[PDB]
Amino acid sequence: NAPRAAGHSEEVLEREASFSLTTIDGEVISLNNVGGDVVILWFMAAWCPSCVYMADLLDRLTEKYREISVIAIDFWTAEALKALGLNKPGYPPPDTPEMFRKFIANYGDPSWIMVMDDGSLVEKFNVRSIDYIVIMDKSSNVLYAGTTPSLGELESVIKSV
């Protein structure tokens, strides 16, 4: 029975492919806990030069499209840096939760979920930079993943869905 086996295989694969997030306050969540139709995972760091402009874009898209939920994922943590070999004087020290909060208060939006990553999500989503965007729908289809997408690119993606 190929259709039956295909369906069960999907069950196993979907669960393996799934992820969870730890919020800045220490709460474990998944996609079910997120409100929008469109989920944007934004992998960033409080010192990232380009991230100020990215925050500007996400603010406007948040205001324009109520169905978007932004999850700000600061992966510039001691655990992630150690895993990646970036725990060296040539790189900034880990972001404190205070620095992360201050960045989001200054440039981002109060409705956003804030998450700090230990390198797990960096590995999961094949994150290529400190200003990296993954856009997904609620079925976990990936609509875009890439470093520093333009406003035009983001708009095009949101409009298609």
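Each residue number is its position in the shown sequence, starting from 1.
Mean C-alpha B-factor is higher over 150 to 158 than over the other stretch, the pair under comparison being 150 to 158 and 4 to 12. Set 90 to 98 against 31 to 39 and average the Cα temperature factors; 31 to 39 ends up higher.
For the set 63, 131, 56, 118, the PDB entry assigns the largest Cα B-factor to 63. Residue-level temperature factors show residue 111 in the highest third of its chain, judged at the C-alpha atom.
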